[PDB]
Amino acid sequence: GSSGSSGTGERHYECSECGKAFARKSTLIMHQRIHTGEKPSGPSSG
Ligand SMILES: [Zn+2]
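Residues numbered from 1 in each chain as written, not as in the entry; some residues may be left out. Heavy atoms only, no water.

Chemist: I tried to follow the overall build of the protein on my own but got confused; where do I start?
Modeler: Check the secondary structure of the protein and you find 1 helix and 2 strands. In sequence order, the secondary structure elements of the protein are arranged as β-β-α. Once the C-alpha set of the protein is aligned to its principal axes, its extents read approximately 60 × 15 × 15 Å. Out of the 46 residues belonging to the protein, those deemed buried represent 9%. (Helix = DSSP H or I, 4+ residues; strand = E, 2+ residues; numbered from the N terminus. Buried < 20%, exposed > 50% of the residue type's maximum accessible area, 1.4 Å probe, protein only.)

Given below as C-alpha cells:
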C-alpha cells in the first residue's frame, strides 16, 4: 500500500540558478534568495 521504504528516497533538489544540491526542498528556496537581490549599485555604501 502507501507504506514501505523498499530502499531509499534520495531527493536532492538542485538550484537551477547555480546548481547547488540540497536535502530539503524548502531549503533550496531560501538559498535561491541569495541570487535575487543585492542589486548592482554604483556608489558603494555600506
Ligand atoms: Zn543557487
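Chemist: Whenever I open this one, the environment of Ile29 confuses me. Can you help?
Modeler: With respect to the secondary-structure elements, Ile29 resides in helix α1 (residues 25-32). By relative accessible area, which is 33% here, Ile29 ends up partly exposed. In this structure the C-alpha to C-alpha distance between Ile29 and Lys39, which are 10 residues apart in sequence, comes to 19 Å.

Chemist: What is the right way to look at the coordination of the zinc ion in this model?
Modeler: Tetrahedral coordination by four donors places them ideally at 109.5 degrees to one another around the metal; octahedral coordination by six donors ideally gives 90 or 180 degrees. Coordination of the zinc ion by the protein is provided by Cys15 (SG), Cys18 (SG), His31 (NE2) and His35 (NE2), with metal-donor distances spanning 2.1 to 2.4 Å. Seen from the zinc ion, its 4 donor atoms lie at angles of 95 to 116°, and the figure they make is tetrahedral. All donor residues of the zinc ion come from one chain, and their arrangement in sequence is C-x2-C-x12-H-x3-H. (Donors = N, O, S within 2.8 Å, 3.2 Å for Na, K, Ca; no water. Tetrahedral: all angles 85-135°; square planar, octahedral: opposite > 155°, others 65-115°.)

Chemist: I tried to follow unusual backbone geometry on my own but got confused; where do I start?
Modeler: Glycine aside, residues mostly have negative phi angles, and peptide bonds mostly take the trans form. Positive phi, normally seen in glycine, also occurs at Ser6, with a value near 55°. Structurally, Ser6 can be placed in the segment before β1 (13-14). For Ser6, a relative accessible area of 80% corresponds to the exposed category. At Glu38, a position not held by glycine, the phi torsion is positive, near 40°.

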